[PDB]
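Listed next as structure tokens: two forms of one protein chain, kept apart as structure 1 and structure 2.
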Structure 1
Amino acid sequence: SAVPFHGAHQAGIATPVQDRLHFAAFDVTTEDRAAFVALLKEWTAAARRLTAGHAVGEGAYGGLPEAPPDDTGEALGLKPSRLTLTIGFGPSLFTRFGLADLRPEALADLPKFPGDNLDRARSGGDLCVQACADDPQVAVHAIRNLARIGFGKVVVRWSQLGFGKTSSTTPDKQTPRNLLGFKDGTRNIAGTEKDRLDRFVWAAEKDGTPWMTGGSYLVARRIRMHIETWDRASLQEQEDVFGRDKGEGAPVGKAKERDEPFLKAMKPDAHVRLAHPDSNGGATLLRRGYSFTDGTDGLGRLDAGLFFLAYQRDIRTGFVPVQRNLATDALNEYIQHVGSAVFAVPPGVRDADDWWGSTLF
């Protein structure tokens, strides 16, 4: 029902995946370091209440009738719904407040990749809040109120709602399906593998940027799916594209979805074969992404796809090589990357006196 906000790490990374996502990048409008630190503290105070299901500040009502409510109200009477709020700091943030020399090496800018069609308006950002919850309105309310609290000091650059499973109907003993119709998540790092998070996800002190020990690095890609094209392809084309069958999700020739894959049995350009760590010198990702359907465009097509999110200990040893190994992926015929951003995710709020980003400021 509620995920502990405080911790060595921020919640929302290795904690159970919630049903809905509301992702927002902000740009910073102030040049004042003090102003900004002030805001980070206020934001942390508000996260504490939100994640515990209380209104922000003095509340949503019952105040001076001649002042606007501290909290906008639309969450009154809902449960915290496993709300987690994770903040990240984008590369452009380190050009302000004189932090240029504190940018971590691992927060590397992404190359341009074959096929990229990055929309600048839906790319980048000085910082980000990932808001995950089982109730979409709880998620929206958090983002809405944080934007409200930071107004005049930050603005929302771009926004993405996503959804995964519906927990009030689907078993946790069950893998969700992406909008292409294949199980998605079968081979991933799971929050239970302290060993794999420590090795593959968390930033380590001896990695090079001490303020980031306990943090992680986030890569975000808005990936539109060409659905009407995909739906016209034969069942065998689709299975051929991934290296797994559609119904059970098993690696070709195997019979259970969770049978270890035999990579030589898959077509050389199969998605699973190209993404697999054995084809990538061990590179392994924690994927934590959501499907989106934003509507339909001016030509009658479903504007839908996968808001892809990956956490890793180092962007250079995680996303960049795997993404690069996808240059010839058969999936490329059916997807286009149209947004992208990277963020360093600072370590957690240790206690009630800690604040977001304290290790950096």
Structure 2
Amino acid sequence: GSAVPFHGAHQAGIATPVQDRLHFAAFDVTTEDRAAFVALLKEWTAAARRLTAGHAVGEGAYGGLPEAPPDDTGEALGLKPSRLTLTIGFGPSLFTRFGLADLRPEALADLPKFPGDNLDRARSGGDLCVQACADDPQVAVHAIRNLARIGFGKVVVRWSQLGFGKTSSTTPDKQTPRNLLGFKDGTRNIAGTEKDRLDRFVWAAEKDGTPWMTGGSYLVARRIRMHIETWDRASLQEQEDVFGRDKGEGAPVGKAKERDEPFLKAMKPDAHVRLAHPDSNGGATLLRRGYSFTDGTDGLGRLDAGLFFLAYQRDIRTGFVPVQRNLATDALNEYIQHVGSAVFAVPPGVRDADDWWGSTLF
């Protein structure tokens, strides 16, 4: 229930241990006033400082003037900080505004069309995003709700996504969670202690060619529907062939323990782990940080399940794109479909109580 420090060279919510709950919101900007938008950014940062510490935003949830609405909507009163992190990102469409065209980073690449893509334009894109992660879903909702409220008239929510449970790990010393297909997800990720690997693969460096992004990262978000009816009638051998790990232990095929190193030649040629592995992609490596979701039924008598996939990388062109291209022949494609997509530039961290979100850009 402890707090995660909000200030740093990097934003929390990336290398941070993965919290149990996600509330992800993408916003469109509805003001042309660059000065108004900057004011919003400073205001949102002040609220984030309170929220991540478990304090009410503004002057609190009650005790103000009786005839004025409370500053804080109040549903997180009495709750601990619950490891809340708030991570902000800027979509490519934002750089068409406030005369920011020349500042859009090369590494913020538009994604090409991928085979099987069936993207819903209304749950894709967005001028910016806020990733709220916490162990308590009420805490995450309260944060998004109160940010949107403060931004009323300058931003609106385009689409949002709640994840009821993580399917990723930045802490290999703790139990690896399972996704809704029943497999451990997160074994060979990048850990928050591997500061060398984070520099090489996650944080944008100054020499990369966009100085304001130094210390930031780039985020790919993909909403992926799972065909659980199809999956649930496949044999155990089929399911394990698709991945290249056994279902029970999550060990690479042929080996005994989850964390034994995969021997790719023993896997089927179209096995997910074989195709995604850095060694098959010129060393391309990703920080995976996704969550499971279910949004009711599909109206055809079945549950509707999926995975909200999130990846952080130093350069979308050298991270997500090569690996996703290599999955064109993935055996997993038979059981999933990508139905939403968006990319963001995640700026550097808020360095101290004088700094603010996006200060290096504006």
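By rigid core we mean the largest C-alpha set that fits within 1.5 Å across both forms. Residue 1 is the first residue of structure 1, and the numbers go on in sequence order from there. Shifts are known only where both forms have a C-alpha.
Just one residue from the list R222, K165, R288, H276 crosses the 2 Å line for C-alpha shift between the two structures on a rigid core fit, and it is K165. The two forms, fitted on their core, place the C-alpha of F307 0.3 Å apart, compared between the two structures. After superposition on the rigid core, the sole stretch of at least three consecutive residues with Cα shifts of 2 Å or more between the two structures is 163-173.
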